Structure formats: C-alpha cells, structure tokens
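Enquirer: Chains as they are written, first to last, in PDB author numbering: chain D, 1 to 57; chain A, 4 to 57; chain E, 3 to 45; chain B, 3 to 45.
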Ligand code: BCL
Ligand code: BCL
Ligand code: BCL
Ligand code: BCL
Ligand SMILES: CC(C)=CCC/C(C)=C/C=C/C(C)=C/C=C/C(C)=C/C=C/C=C(C)/C=C/C=C(C)/C=C/C=C(\C)CCC=C(C)C
Ligand SMILES: CC(C)=CCC/C(C)=C/C=C/C(C)=C/C=C/C(C)=C/C=C/C=C(C)/C=C/C=C(C)/C=C/C=C(\C)CCC=C(C)C
Ligand SMILES: CCCCCCCCCCC[N+](C)(C)[O-]
Ligand SMILES: CCCCCCCCCCC[N+](C)(C)[O-]
Ligand SMILES: CCCCCCCCCCC[N+](C)(C)[O-]
C-alpha cells in the first residue's frame with residue numbers, strides 16, 4: 001500500500017523547472033556558446049554555395 | 004507561486020548575477036576570436052578579398 | 003535545495019530574461035530569413 | 003548570494019567596462035567594414 005508516481009507535466013506551464021536542474025550560472029554560457037557553434041556551421045553550408053554568399057568577385 | 008518581470012537593456016547587468024566573469028569572461032572573449040577567425044577564413048579564402056592575393 | 007541549487011524565485015526570475023531574450027532573438031532571427039528569401043529565394 | 007556570487011555592485015561595475023569596451027570594439031568593428039567595402043565592396 002505504497003508508491004510514488006510523478007505528476008504528468010504539461011508544458012510549457014512547468015518550463016521554468018529546468019533551472020532547478022540546470023544551473024544557469026554554469027550552463028548559460030555553454031548554451032549560448034553552442035548556439036554559436038550551430039550558427040557558424042549553418043552559415044558555412046549556405047556560405048559555400050556562392051549563390052547565397054555576398055562576395056562573388 | 005512566485006512570478007516576475009524583466010526590462011532590458013536596463014536589466015542587462017543582472018547577467019553577471021548569473022554568469023561569473025572571473026570564470027567566463029575570457030572563455031567568451033575567446034569564442035569571439037573563434038568566431039572572428041571563422042569569418043576571416045571564409046573570406047580570406049575568397050582569393051579576391053585578401054591583401055596578399057598572390 | 004534542488005539539483006541546480008537555485009530557488010524557485012531564481013529559476014523563475016532567470017527564466018524570464020531567458021525567454022525574453024530568446025524571443026527577440028528568435029524574432030530577429032525570423033526576420034533575416036525574410037530578407038534572405040527576398041535577397042536569395044530558396045526551396 | 004546570487005547564482006554567480008557577484009554583488010549588485012560587481013554586477014554593475016563590470017557591466018560598465020564591458021559596455022565600454024564592447025562599444026569601442028563594435029565601433030572599431032563598425033569602422034572596418036566601411037574600409038573593406040571601399041577596398042572591395044560586395045553586395
Ligand atoms: C548565406 C547566409 C546569409 C545570411 C543569413 C542569415 C540568416 C537567415 C540568419 C543569419 C543570422 C546571423 N548571421 Mg547572417 N547571413 C549571411 C552572412 C553573414 C555574415 C558574413 C560575414 O557574410 C555574418 C558575419 C553573419 C552573421 C550573422 C549573425 C549576426 C547571426 C547569427 C548570430 C548567432 O550567432 O546566434 C547564435 C545564438 C546565440 C544566443 C549567441 C549569442 C548572440 C547574441 C549575443 C544574443 C543576444 C542578443 C539580444 C537578444 C539582442 C541584442 C541586439 C540589439 C537589441 C540590436 N551573416 C548571408 C547574407 N544570417 C541569424 C540570426 O540570428 O539573425 C538574427 C539568422 O537567422
Ligand atoms: C576580407 C578580409 C579583409 C579583412 C577584413 C576585416 C573585417 C571586416 C574585420 C576585420 C577585423 C580584424 N582583422 Mg582583418 N581583414 C583582412 C586581413 C587581415 C589579416 C591578414 C593576415 O591579411 C589579419 C592579421 C587581420 C586581422 C584582424 C583582427 C585584428 C580583427 C579581428 C579582431 C578580433 O579578434 O575580434 C575578436 C573579438 C574580441 C572581443 C577578442 C578580444 C579583442 C581585443 C582584446 C579587444 C579590446 C580592445 C579595445 C576595444 C580597443 C583597444 C585597442 C586599441 C585602442 C587600438 N585581418 C582583409 C584585408 N578584418 C575585425 C575588426 O574590426 O575587429 C575590431 C573586422 O570587423
Ligand atoms: C538560404 C538561407 C538558409 C538558412 C540559413 C540560416 C543561417 C545562416 C542561420 C539560420 C538560423 C536558423 N535557421 Mg535557417 N536557413 C534556411 C532554412 C531553414 C530551414 C528549412 C525550412 O529548411 C529551417 C528549419 C531553418 C531553421 C533555423 C533555426 C534553427 C535557426 C534560428 C534560431 C531558433 O529560434 O532556433 C531553434 C529554436 C528552437 C529549437 C526552439 C527550442 C525551444 C526550446 C525549448 C528552447 C530552450 C532550449 C534549452 C534551454 C537549451 C536546450 C539545449 C541546447 C539546445 C544545447 N532554416 C535557408 C535554406 N538559418 C540561424 C542559426 O543558426 O541559429 C542558431 C543562422 O545563423
Ligand atoms: C567583405 C567583408 C565581409 C565581412 C567581414 C567580416 C570580418 C572579417 C569580421 C566581421 C565581423 C563581424 N561581422 Mg562582417 N562581413 C561582411 C558582412 C556582414 C554581414 C552581412 C550579412 O553581410 C553581417 C550581418 C555582418 C556582421 C558582423 C558582426 C557579427 C561582426 C562585427 C561586430 C560585432 O561582433 O558586433 C557584435 C554584436 C552583436 C552580436 C549583437 C548583440 C550584442 C550582445 C547583446 C552583447 C552581449 C553578449 C553576451 C554577453 C555574450 C554572448 C556570449 C557568446 C555568444 C558566447 N558582417 C562581409 C561579407 N565581418 C568581425 C567579427 O568577427 O567580430 C567578432 C570580423 O572579424
Ligand atoms: C535576477 C536573476 C537571478 C537573474 C537574471 C536572469 C538573466 C539575466 C538571465 C539571462 C538570460 C539569457 C541571456 C538568456 C538567453 C537566451 C537565448 C539567447 C536563447 C537562445 C536560444 C537558442 C536556441 C534554443 C536555439 C537552438 C537551435 C537549434 C536546436 C538548431 C539546430 C539546427 C540544426 C542542427 C541545423 C543544421 C543544418 C545544417 C548544418 C545544414
Ligand atoms: C571593478 C571591477 C570589479 C571590475 C572591472 C570590470 C572589467 C575590467 C571588465 C572588462 C570588460 C571587458 C574587457 C569587456 C569586453 C567586451 C568585449 C570586447 C565584447 C565583445 C563582444 C563581441 C560580441 C558580443 C560579438 C558577438 C558576435 C557574434 C555572436 C557573431 C556571430 C556570427 C556568426 C555565427 C556568423 C558566421 C559567419 C560565417 C561562418 C561566414
Ligand atoms: C524561425 C526560424 C526561421 C524558419 C525558416 C523557414 C523558411 C521560411 C521562410 C520565411 C521565414 N518566415 C516564415 C519566418 O518568415
Ligand atoms: C543577417 C541576414 C542578412 C540578410 C541579407 C540581406 C541582403 C540585402 C542586400 C540586397 C542588395 N541588392 C538587392 C541590391 O542586391
Ligand atoms: C556590426 C558592424 C558591422 C555591420 C555589417 C553590416 C554590413 C552591411 C553593409 C555595411 C556598409 N558599411 C557599413 C560597410 O558601409
């Protein structure tokens with residue numbers, strides 16, 4: 001006669017509860033740094049088909 | 004319970020209430036190099052836009 | 003105390019600036035796709 | 003404490019030099035593009 005089941009969470013109501021798990025003081029910048037790593041990569045792939053590169057001679 | 008609100012660029016400085024500069028300033032000054040080098044490469048490789056250009 | 007160690011009030015106060023920053027970013031971002039599509043359509 | 007452990011003043015005094023250095027950087031940064039455009043325009 002005992003169990004512990006967790007509340008089915010409906011997002012984004014409970015969205016903030018992340019920072020109870022992820023300490024932004026440690027991870028905000030790792031995050032921001034990786035959105036950069038992403039942005040840089042996507043940039044390369046479209047920067048390389050010169051049709052979308054702004055230089056072209 | 005509690006809710007809240009922001010309003011930057013006023014509240015901008017509350018950043019360093021989250022991100023400690025003594026730990027993270029140089030790491031992000033560094034990733035601008037990393038960015039600024041990545042940009043240069045993609046244009047220095049465009050042989051028209053560099054000073055040496057052969 | 004939680005895993006991250008923040009309060010409810012820090013997580014909630016933080017999350018505000020996050021999603022506020024996020025949106026204007028994702029709005030700024032949404033804008034450039036417009037321009038590019040004008041400038042260089044794709045698909 | 004705060005999440006970062008700084009104080010209201012350190013959070014504020016620092017942000018000032020950051021803005022200050024940022025600006026004169028993104029002003030220098032603004033400057034260069036002018037010249038590159040003259041040395042070799044693009045769009
Ligand atoms: C072939 C591709 C197209 C083009 C299509 C696009 C498209 C499409 C997009 C971009 C976007 C961006 N492009 Mg572009 N881009 C081109 C060529 C360039 C060139 C170049 C040398 O030729 C450069 C330097 C850039 C640079 C950039 C960045 C400014 C930006 C990605 C930012 C980032 O890192 O988010 C990484 C995420 C982070 C969180 C890192 C931190 C970034 C900042 C600091 C976040 C907070 C700012 C706060 C919300 C706002 C403050 C600003 C003031 C209010 C004004 N592009 C050509 C013309 N580019 C993206 C963008 O964001 O547009 C808005 C985007 O959607
Ligand atoms: C198409 C290629 C063009 C050209 C177009 C551009 C453009 C466009 C830009 C540059 C910029 C830069 N280029 Mg160039 N560049 C060319 C060729 C070169 C060559 C070469 C071997 O041929 C070299 C060595 C460089 C080198 C440089 C860097 C000095 C600089 C990037 C700074 C940085 O790291 O920010 C990374 C950011 C950081 C924050 C890291 C820390 C940097 C320092 C410590 C900041 C604080 C200093 C404070 C603000 C001011 C103090 C200094 C004094 C007051 C002067 N270029 C050719 C001719 N170059 C950029 C610039 O203006 O930078 C300012 C820029 O916008
Ligand atoms: C011709 C021009 C190119 C092009 C050039 C570029 C360039 C260049 C750039 C973009 C950028 C973006 N492009 Mg585009 N792009 C094109 C076509 C597309 C297509 C498509 C229909 O095929 C898609 C899906 C996209 C999509 C996107 C986005 C992923 C991104 C903007 C940020 C954002 O709100 O991110 C995703 C938002 C979410 C996933 C929502 C997430 C909700 C969560 C809960 C937020 C919290 C996350 C949590 C805190 C942290 C999680 C963990 C971390 C993820 C590790 N583009 C065309 C073909 N695009 C920019 C970029 O790279 O941004 C980073 C950029 O610089
Ligand atoms: C032929 C000449 C080339 C060219 C050559 C170069 C070269 C070479 C360089 C640049 C650089 C830059 N170029 Mg250019 N560039 C070209 C065309 C463009 C285009 C375009 C679509 O045509 C765009 C949008 C840009 C934009 C940019 C900027 C991203 C950047 C200069 C200032 C800066 O960093 O402000 C930054 C401001 C913001 C991103 C806005 C938000 C400010 C935030 C709110 C401040 C807080 C940040 C927070 C604390 C921490 C963020 C954490 C980190 C994400 C981890 N260029 C053409 C095609 N450019 C220089 C660079 O790399 O600078 C670093 C550089 O070296
Ligand atoms: C009061 C207290 C305590 C405190 C205060 C608070 C604060 C200040 C806070 C702060 C905050 C902030 C800044 C935040 C920020 C935010 C942001 C900006 C965010 C952003 C985000 C972004 C994202 C999420 C994105 C993502 C993306 C993705 C996932 C994408 C991907 C893509 C792909 C993969 C594609 C690729 C392709 C090819 C390569 C081709
Ligand atoms: C008193 C006490 C306590 C203290 C004092 C304080 C101090 C000393 C402070 C200091 C500060 C400083 C130094 C600061 C600095 C700043 C700076 C310089 C900054 C800079 C910044 C920059 C930025 C933000 C930028 C960014 C950019 C970006 C994000 C971009 C990106 C781009 C892309 C992605 C594109 C790509 C392209 C291709 C690949 C082609
Ligand atoms: C929100 C991130 C951008 C998504 C790009 C998808 C291609 C759509 C082209 C027009 C862009 N948009 C519909 C947002 O105006
Ligand atoms: C950051 C996103 C940049 C979007 C690119 C917009 C370039 C518009 C310049 C086009 C000039 N023209 C129409 C004369 O070719
Ligand atoms: C952040 C400062 C760099 C912004 C680059 C924007 C490029 C668009 C054309 C700029 C023309 N110039 C400013 C080169 O005359």
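We treat Cβ as the ideally placed atom computed from N, Cα and C, and that holds for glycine.
(1) Given a cut-off of 7 Å, decide if residue 18 of chain D and residue 44 of chain B are closer than it, judged by their beta-carbon atoms.
(2) Any residues whose CB sits closer than 6 Å to a heavy atom of ligand 6? List them in chain order?
(3) Which residue spans inside the region 25-50 of chain A form an unbroken beta strand (DSSP E) run of at least 3?
(4) What number of angstroms, rounded off, separates the C-alpha of residue 57 of chain D from the C-alpha of residue 46 of chain D?
(5) Compute every distance between the C-beta of residue 33 of chain D and the non-hydrogen atoms of ligand 4, then say whether any falls below 6 Å.
(6) Out of E/19, E/13 and E/34, which has the shortest C-alpha to C-alpha gap to residue 21 of chain D?
(7) Can you list, in chain order, the residues of its chain with a C-beta nearer than 6 Å to that of residue 26 of chain A? Leave out the 5 residues immediately preceding and following it.
(8) Using a Cβ-Cβ cut-off of 7 Å, state whether residue 39 of chain A counts as contacting chain D.
(9) Of all the CB atoms in chain A, is at least one closer than 7 Å to the CB of residue 17 of chain B?
(10) Give me every residue whose Cβ sits closer than 6 Å to any heavy atom of ligand 8, in chain order.
(11) What number of angstroms, rounded off, separates the C-alpha of residue 31 of chain D from the C-alpha of residue 20 of chain E?
(12) What residue ranges within the region 5-38 of chain B form continuous alpha helix (DSSP H) runs of no fewer than 4 residues, ordered along the chain?
(13) I want to see whether chain A comes within less than 7 Å of residue 31 of chain D, judged by CB atoms only; does it?
(14) With DSSP run on the structure shown, which of helix, strand or coil describes residue 52 of chain D?
(15) Regarding residue 30 of chain E and ligand 1, is the C-beta to nearest heavy atom distance less than 6 Å?
(16) When every heavy atom of ligand 5 is checked, does at least one fall within less than 6 Å of the C-beta of residue 17 of chain D?
(17) Less than 7 Å between the C-beta atoms of residue 10 of chain E and residue 7 of chain A, yes or no?
(18) Is residue 14 of chain D helix, strand or coil when you go by DSSP?
(19) Using the Cα positions of residue 26 of chain B and residue 38 of chain A, report the straight-line distance between them to the nearest angstrom.
(20) Tell me whether residue 41 of chain E sits in a helix, a strand or coil according to DSSP, three-state version.
Expert: Looking at the coordinates:
(1) no
(2) D/36, D/39, D/40, D/43, D/44, D/47, A/35, A/38, A/41, A/42, A/45, B/12, B/15, B/16, B/19, B/20, B/23, B/24 and B/27
(3) none
(4) 17 Å
(5) yes
(6) E/13
(7) none
(8) no
(9) yes
(10) E/34, E/37, E/38, E/41 and B/45
(11) 11 Å
(12) none
(13) no
(14) helix
(15) yes
(16) no
(17) no
(18) coil
(19) 18 Å
(20) helix
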